[PDB]
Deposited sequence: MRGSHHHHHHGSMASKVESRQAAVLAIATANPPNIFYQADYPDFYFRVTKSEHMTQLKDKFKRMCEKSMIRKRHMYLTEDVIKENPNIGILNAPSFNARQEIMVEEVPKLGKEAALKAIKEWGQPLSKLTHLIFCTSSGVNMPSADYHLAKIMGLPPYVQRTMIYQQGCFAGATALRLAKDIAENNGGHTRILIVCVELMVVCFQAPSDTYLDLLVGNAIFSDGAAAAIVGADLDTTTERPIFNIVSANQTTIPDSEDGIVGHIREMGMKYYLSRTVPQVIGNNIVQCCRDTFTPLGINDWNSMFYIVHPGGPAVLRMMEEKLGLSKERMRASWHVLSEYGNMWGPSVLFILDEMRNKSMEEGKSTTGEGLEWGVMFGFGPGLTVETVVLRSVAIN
């Protein structure tokens, strides 16, 4: 049975505390005259339940690429040139940390699954990571582009069958990375479905190693991937929409998505999402803690977020002397979701600590 053997994460070094972000955002987009819209944005940020976010797109990067901060200005080329380079580079940081925990050389890897919705190129981000990391030429790559916030969970669904159908030496590296260079837009009071993303979207990378039939002397599983299934919610196509255009990506968020969309890993799409899960199942406050923590400290990073929460859960479980990597519990589930609307459900089993 396939297992997660290592997890690690990375973020851009520039921290944006949410208390300061309305002032930063309306200043760098030169939109301070929009006082009513800033009031609304202040309330969005205050209700976001996000304490800080790590972002590539600083004031200096906007100054170097000024059309990124001018609504509707052509800036797709400028965003692309940044992201084709920087997305694999941040992924390499998380990947090498995961491989160090794993304890095996890159030569023991058989497969790479790379996921991002931040930039497209040919050859793709999977190839670029293999180049800058020095993955051997027999490492077999799968590129998952543009699948938004269920990409992390979908990589585990794919890795399960690859690991289990090819045998004991198959070892899959999963790397998920996003940079909001892809979809950062200046404010407009007729596009509130773009403005909500400015309050909650953020940058990050996470990596994991998956294998089956483990060398017990050298490898140690963290979780087992019991089953994985994707479903689509009917009649919800307009809930999450990303239109890649000459002005960059316009990523539209509907107000109904949370209303439509054991230990738990729930993609932190926003606070309404995590609350929807809690009261619906009578969950203790303890159950969503790890998902609430990643939302607070990193925001909604699309693809990699469920791996951040996975890593946070087993770390706290170990630090607090819990019985298993799943907070002392045996069974668990991870939910990724995104455009479609699409739900990826991954049934997990913890490991004894």
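No C-alpha positions are given for the deposited-sequence stretches 1-20, 282-303, 396.
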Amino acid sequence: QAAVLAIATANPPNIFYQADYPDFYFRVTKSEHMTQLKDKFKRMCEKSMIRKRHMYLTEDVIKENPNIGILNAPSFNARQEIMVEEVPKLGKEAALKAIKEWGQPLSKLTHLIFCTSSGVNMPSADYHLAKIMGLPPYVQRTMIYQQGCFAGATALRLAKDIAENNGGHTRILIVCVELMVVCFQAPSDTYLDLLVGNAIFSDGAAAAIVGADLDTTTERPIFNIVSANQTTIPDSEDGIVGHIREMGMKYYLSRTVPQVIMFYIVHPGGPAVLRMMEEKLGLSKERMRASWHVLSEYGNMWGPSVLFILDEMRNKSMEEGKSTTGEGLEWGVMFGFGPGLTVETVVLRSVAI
From here on, numbers count along this sequence of modelled residues.
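Here 186-194 and 230-238 are compared by their mean Cα B-factor, and 230-238 comes out higher. According to the PDB record, 216-224 carries the higher mean C-alpha B-factor of the two stretches 95-103 and 216-224.
Of the candidates 158, 262, 73, 176, the deposited coordinates give 262 the top C-alpha B factor. Note on the listed residues 153, 130, 281, 207: the highest Cα temperature factor in the record is that of 281. When the modelled residues of the chain are ordered by their C-alpha B factor, residue 26 lands in the middle third. The PDB entry assigns residue 68 a C-alpha temperature factor belonging to the lowest third of its chain's modelled residues. Among all modelled residues in its chain, residue 338 ranks in the lowest third by Cα B-factor. When the CA B factors of the chain's modelled residues are split into thirds, the value for residue 41 lands in the middle one. Per the PDB record, residue ranking by Cα B-factor puts residue 272 in the highest third of the chain.
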